[PDB]
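What follows is a set of notes on a single structure, which appears directly below.
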Amino acid sequence: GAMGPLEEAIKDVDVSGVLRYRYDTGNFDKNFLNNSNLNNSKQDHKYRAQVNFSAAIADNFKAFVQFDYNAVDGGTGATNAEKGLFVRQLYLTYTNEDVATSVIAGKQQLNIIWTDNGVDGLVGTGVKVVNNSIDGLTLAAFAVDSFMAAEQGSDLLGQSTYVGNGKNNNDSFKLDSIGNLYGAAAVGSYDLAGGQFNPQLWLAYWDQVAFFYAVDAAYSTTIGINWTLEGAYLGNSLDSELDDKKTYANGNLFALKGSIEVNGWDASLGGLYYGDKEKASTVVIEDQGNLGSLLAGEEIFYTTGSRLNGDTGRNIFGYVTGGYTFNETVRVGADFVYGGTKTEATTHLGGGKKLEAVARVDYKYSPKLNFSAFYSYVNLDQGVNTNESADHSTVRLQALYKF
Amino acid sequence: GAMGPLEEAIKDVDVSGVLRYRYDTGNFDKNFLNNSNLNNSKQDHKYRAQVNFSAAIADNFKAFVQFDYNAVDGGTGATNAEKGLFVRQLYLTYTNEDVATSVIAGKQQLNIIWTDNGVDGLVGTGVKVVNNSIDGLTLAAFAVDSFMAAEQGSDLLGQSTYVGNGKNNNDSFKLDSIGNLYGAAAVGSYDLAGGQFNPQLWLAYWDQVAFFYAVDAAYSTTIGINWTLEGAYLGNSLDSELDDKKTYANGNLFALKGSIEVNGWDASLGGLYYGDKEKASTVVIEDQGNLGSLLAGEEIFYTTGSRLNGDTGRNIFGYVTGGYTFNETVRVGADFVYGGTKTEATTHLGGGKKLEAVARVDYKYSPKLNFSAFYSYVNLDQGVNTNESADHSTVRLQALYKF
Amino acid sequence: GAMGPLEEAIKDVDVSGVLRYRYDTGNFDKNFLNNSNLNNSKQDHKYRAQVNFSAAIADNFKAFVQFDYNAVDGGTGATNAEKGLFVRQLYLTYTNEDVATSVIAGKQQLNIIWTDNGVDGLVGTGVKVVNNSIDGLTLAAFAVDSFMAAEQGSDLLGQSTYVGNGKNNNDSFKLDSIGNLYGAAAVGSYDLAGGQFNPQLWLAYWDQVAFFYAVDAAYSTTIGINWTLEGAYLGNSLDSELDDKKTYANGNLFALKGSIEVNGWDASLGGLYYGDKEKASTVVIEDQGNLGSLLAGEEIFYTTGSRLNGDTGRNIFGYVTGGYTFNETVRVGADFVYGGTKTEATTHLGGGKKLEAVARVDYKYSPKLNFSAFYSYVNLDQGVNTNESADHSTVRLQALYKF
Ligand SMILES: CCCCCCCC
Ligand SMILES: CCCCCCCC
Ligand SMILES: CCCCCCCC
Ligand SMILES: CCCCCCCC
Ligand SMILES: CCCCCCCC
Ligand SMILES: CCCCCCCC
Ligand SMILES: CCCCCCCC
Ligand SMILES: CCCCCCCC
Ligand SMILES: CCCCCCCC
Ligand SMILES: CCCCCCCC
Ligand SMILES: CCCCCCCC
Ligand SMILES: CCCCCCCC
Ligand SMILES: [Ca+2]
Ligand SMILES: [Ca+2]
Ligand SMILES: [Ca+2]
């Protein structure tokens, strides 16, 4: 067949992507409760690259593809990854401008409130309809019939484990099967006089799993003293398949955070309440959902009993964060998170008071290239032996390039 | 080493490709004779993408590469494919303009009359010499020393099976080994006064398999009333390795088709005769060869006894097709195929009268983007229980983008 | 997220690469000592492609990636490779121009004197600092914490085997584990009046393996009669882990080569001395290191007893090469290598006199596209049965494109 110049063909195509290097080390003393989600890296060199292409195919049609490279070179003792790129997203977008509506069909990162919306977000295959007729307001309905589960491993509900009672692979939240996911969302962004108001409502029926419902409201000023306030409730009501088992509970999470910025300083204060004393519950579908703005620390919400994607235990946490930014370039800062998990089990496995301190540096070298580092210290008041405390420390150096 | 700008490097390069989505569902009632070639999709999302690059490397030399992505996301009950692209073709082309001759060497889609010439055509590694000294006439000689067999699965002769006699994997046409393939072809395209005449002659020796010979002639007018007439004979004579087994027969296929187009209407009428009553034979090497213009329906020639790439049974079929094209944009149409398979086996497995009706819609959204759909109904007069009939229905929705 | 035009994005990017086809056949008579490194190809079609991209990411920062395709289509009897591309190198380069210094971190081809610096060079992950403050002089320090070992197979020290004493997989140089590699180098290139002088010094500590030290000096005139002289010493001192085993010896290699070119003729003369009579030693880390300019022939230094990446036996070799270049386009030439291996083992396995003759053609079709061929004949005076000689012949046709 005929072939046209590559130079002509690329004119039709937009591109973006990410290149991320992490060097992670996570140590644990003997008494620490370990699990599939805590950082167990031993001086690993981790690379994650994604390149996204979007091509205007025909009038009102776009095709999108994402290639992903996800690899680790071991530091001490040691693999050196030999991997290629995989097609991580592949979809078609139809846009009818006359009614401000788009239909997105195929393998796509889901980007819902209960999944990670970043680099490593849950992917699935389905259809999404998005309407933007009302200025500031995005309305969406979606249906998903399969999930790219394997790539996520322990991030996905039902695929995480924890160590305890002579077993290394206790199932945090047992899921025998999963159905389609149907839902809808209303997401607002309104520029008001004093600042910007971002309310969201999300509803979703995940067949065989649960009915999920979430409401969030954020308000953010834009003047000297800038401040934000954000609150969220996420709950779910279990499907009968799980309800009949009597060892699960409906999910509830309440969260509130305030923050302030002035003269290069920033601080934040917040809290959250979630989980059940005696029964396994979940807040999100994958990892920490899109809840990053309402959490703090790095490792504490991965501790057994406190995970947001399946665990037993009632959690209450408060936190404060603060830092100073030199020259709008280098921010040095810290997080302190304190709280605990209440358990009804006689073992109280995962229970007790928990604390995390994190020292942070973030260096914005250019608008596209950011270097960062953290040192996280987590302390459990009750470890494997519950009458003794336990420490876990994690160090990360990261380079992050976006284009 | 030194590196030049990507922007300079791409000037040397031509590109083409295909993006195809299919949503297929194929149902079978209990009495239907199933096999490795009938459509057994259950609401599968199938993606096939190919991107071809050709670069002028030096005076008179081109290098070509094809990347292929071939993946399925399961609909009901469900995988979500995590696959990359593979190098499906990789070859060098030398062109001597002074004698209108080219030499093509390496891993290349074969594109012979006995293989599929489309997206999913048999690939092999070898050499091809093509001469175009005589206007309208292409002469070629070729030699192939290995085949990309695994990618083709049941499309390839010797790799198909059928269900029957308490067994799920009966071998349609047993091939213990295969040798090199040598052949030659003369392909004509002549613009005459009334229209265009396309005769072809193909000869090939496939060591350990058979000697293949095919002649085809097509004539196609170009005025109101436009019409085409095409006839073909394909035969083969088995190599001694198979001849000695006494359970195989030499292949013979005769085919004829006429078509007419007027005022947005089109119709076609044709027939074919192929196979042996009692012994296994073949017509093509892979799938349906390049015989698509001489067949109709979708699933009927995949029924056990009727496959063109290895089966037992003497087949006679007639068909008619027709449709109307609105606005040169949307064609609604239908196929009716009727005939049967004569078997000498006491079981008459695969035998009996067979029928297929297909309803079609084809929507040419742009010159490059085509949407299409079919609903196929196949009826066997003799099923697994031979004194009862059997139905098989297949629905496909397809989006096809070519560039 | 927002996406910019691909056409803009590529402006930031430099590219280079290689496309190589080899057709190799290596025959052995019954008495030949075979091993994991001799050419055992049977009319194999071998493809190796690499494409390298380097992008300016930010002020003073570059990111580099190499994609590799390494595949074989079998000739006689026969696979047809279905493989994609893998990320073979991935690294960041920081350059401070004020002090003529660069820091290179990540997965990178090592390119040290003890590894192949060509297409198939050892890759590892680590850090390199390179200083070019003194004109002509490059100073470097490096640290490597993991090796891409699997890709190299028998090229890597500790991963080669040989046939003998009723066993097919005798370990040439047994390595139970390997540590980090730290080293430094000083590499000079000085344009003097008469020509160019290229001295090198390399030092490296490979934990658990050995301390390596190498000095090389090359001198090359640039007038009628042009000539080169080059000498090298490479030695190593074994780490205690191997020293304690008493079956290994410290490495020593001495080499000298002279060459001359006049009126389209070229010739060279050289010699080398390396290895230990009774104990396993090595010269390089991977394949033949960067020693290609000090060797001749094709297969002789792969014979059991003579490998430069782990073997037992004391080797002494001399060689002469010569050829004529027609029109600065086609060189026809030959290599003759003669010597032997002294062994203290009662079997004298790998020992005896050894000879190689190679006939060569090299055709420079364009500056970027080179065709080449060789016919190599190797003769062992002592084969598997030591009182009988043994032959091994190897034919290669190659096409090589660089951009
Ligand atoms: C030459 C037409 C534009 C090509 C678009 C690329 C399709 C993935
Ligand atoms: C209406 C805003 C969401 C609910 C906030 C809950 C905070 C305790
Ligand atoms: C709107 C109040 C923000 C609270 C921030 C307090 C952090 C010390
Ligand atoms: C700042 C801490 C608030 C919540 C602590 C709960 C302690 C069990
Ligand atoms: C910069 C020269 C052209 C590059 C051709 C690409 C080779 C695959
Ligand atoms: C000469 C044309 C090919 C043979 C046609 C056979 C149709 C019955
Ligand atoms: C040349 C005759 C064409 C026959 C078409 C008939 C279909 C009804
Ligand atoms: C239109 C039908 C022609 C061939 C039918 C053969 C029936 C066994
Ligand atoms: C559009 C900015 C340049 C892109 C560089 C490519 C990164 C791998
Ligand atoms: C000083 C140059 C390296 C040593 C040469 C050894 C040649 C026998
Ligand atoms: C400097 C002397 C070069 C020696 C070359 C001799 C080859 C016959
Ligand atoms: C030209 C040959 C020099 C070295 C030969 C050594 C013979 C054992
Ligand atoms: Ca994730
Ligand atoms: Ca096929
Ligand atoms: Ca190598």
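In the structure tokens, the first chain shown is A, the next is B, and so on; residue numbers restart at 1 for each chain, and ligands run from 1 in the order shown.
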
Worksheet entry | Residue list for chain C near chain A as a ChimeraX atom specification, 6 Å, only C-alpha atoms | /C:3-6,85-87,146-148

Go ahead and write the selection's residues with N, CA, C and O atoms as a short mmCIF file (atom, residue, chain, number, x, y, z; two decimals), in the first residue's frame.
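Writing the result to selection24.cif gives the following:
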```cif
data_model
loop_
_atom_site.label_atom_id
_atom_site.label_comp_id
_atom_site.auth_asym_id
_atom_site.auth_seq_id
_atom_site.Cartn_x
_atom_site.Cartn_y
_atom_site.Cartn_z
N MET C 3 -1.42 18.42 26.14
CA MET C 3 -0.52 17.70 25.25
C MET C 3 -0.10 18.65 24.14
O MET C 3 -0.92 19.36 23.58
N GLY C 4 1.20 18.68 23.85
CA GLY C 4 1.72 19.56 22.83
C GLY C 4 1.99 18.74 21.57
O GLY C 4 2.07 17.51 21.63
N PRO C 5 2.15 19.42 20.44
CA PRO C 5 2.38 18.75 19.18
C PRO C 5 3.64 17.92 19.19
O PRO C 5 4.69 18.34 19.72
N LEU C 6 3.53 16.72 18.63
CA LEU C 6 4.64 15.84 18.48
C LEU C 6 5.74 16.53 17.70
O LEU C 6 6.92 16.32 18.00
N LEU C 85 10.83 -4.78 21.30
CA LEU C 85 12.03 -4.03 21.62
C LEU C 85 12.05 -3.90 23.12
O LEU C 85 10.98 -3.77 23.74
N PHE C 86 13.24 -3.89 23.69
CA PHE C 86 13.38 -3.71 25.11
C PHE C 86 14.22 -2.49 25.40
O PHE C 86 14.99 -2.03 24.53
N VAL C 87 14.00 -1.90 26.58
CA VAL C 87 14.75 -0.74 27.00
C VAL C 87 16.07 -1.26 27.53
O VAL C 87 16.14 -1.89 28.59
N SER C 146 24.80 -3.04 39.55
CA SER C 146 24.17 -4.22 38.98
C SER C 146 24.50 -4.33 37.51
O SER C 146 24.83 -3.35 36.84
N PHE C 147 24.41 -5.56 37.04
CA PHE C 147 24.79 -5.91 35.68
C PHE C 147 23.63 -6.57 34.97
O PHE C 147 22.98 -7.48 35.52
N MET C 148 23.41 -6.14 33.74
CA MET C 148 22.50 -6.82 32.81
C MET C 148 23.17 -8.10 32.25
O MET C 148 23.60 -8.17 31.08
#
```

For region 187-199 of chain C, please output as a tab-separated table (two decimals) with N, CA and C atoms, in the first residue's frame all residues within 6 Å (counting only C-alpha atoms; exclusion window: fewer than 5 positions along the same chain).
```tsv
chain	number	residue	atom	x	y	z
C	136	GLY	N	42.53	16.95	25.14
C	136	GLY	CA	43.06	15.63	24.80
C	136	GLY	C	42.82	14.57	25.87
C	137	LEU	N	42.64	14.98	27.13
C	137	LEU	CA	42.56	14.04	28.25
C	137	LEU	C	41.19	13.95	28.87
C	138	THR	N	40.68	12.71	28.92
C	138	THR	CA	39.43	12.39	29.58
C	138	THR	C	39.77	11.61	30.84
C	216	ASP	N	47.50	0.75	27.97
C	216	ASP	CA	47.56	0.61	26.53
C	216	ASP	C	48.17	1.89	25.99
C	217	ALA	N	48.96	1.77	24.93
C	217	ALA	CA	49.41	2.93	24.19
C	217	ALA	C	49.34	2.61	22.71
C	218	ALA	N	48.69	3.50	21.95
C	218	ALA	CA	48.64	3.42	20.48
C	218	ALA	C	49.24	4.69	19.85
C	219	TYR	N	50.02	4.53	18.79
C	219	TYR	CA	50.48	5.67	18.01
C	219	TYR	C	50.17	5.42	16.54
C	220	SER	N	49.69	6.46	15.86
C	220	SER	CA	49.14	6.37	14.52
C	220	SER	C	49.51	7.63	13.73
C	221	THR	N	50.29	7.48	12.66
C	221	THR	CA	50.70	8.61	11.83
C	221	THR	C	49.58	9.06	10.90
C	222	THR	N	49.72	10.27	10.35
C	222	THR	CA	48.82	10.75	9.31
C	222	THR	C	49.57	11.64	8.30
```

Item to complete: Find the residues near residue 23 (chain B): any atom within 6 Å, counting only C-alpha atoms, skip ones fewer than 4 places away on the same chain, and give them as a PyMOL selection string.
Response: chain B and resi 44-45+396-397

Discussion item. Could you list, as an MDAnalysis selection string, all residues that come within 12 Å of ligand 3? Count only C-alpha atoms and all ligand atoms.
Written reply: chainID A and resid 218:221 225:231 256:262 265:271 318:323 335:336
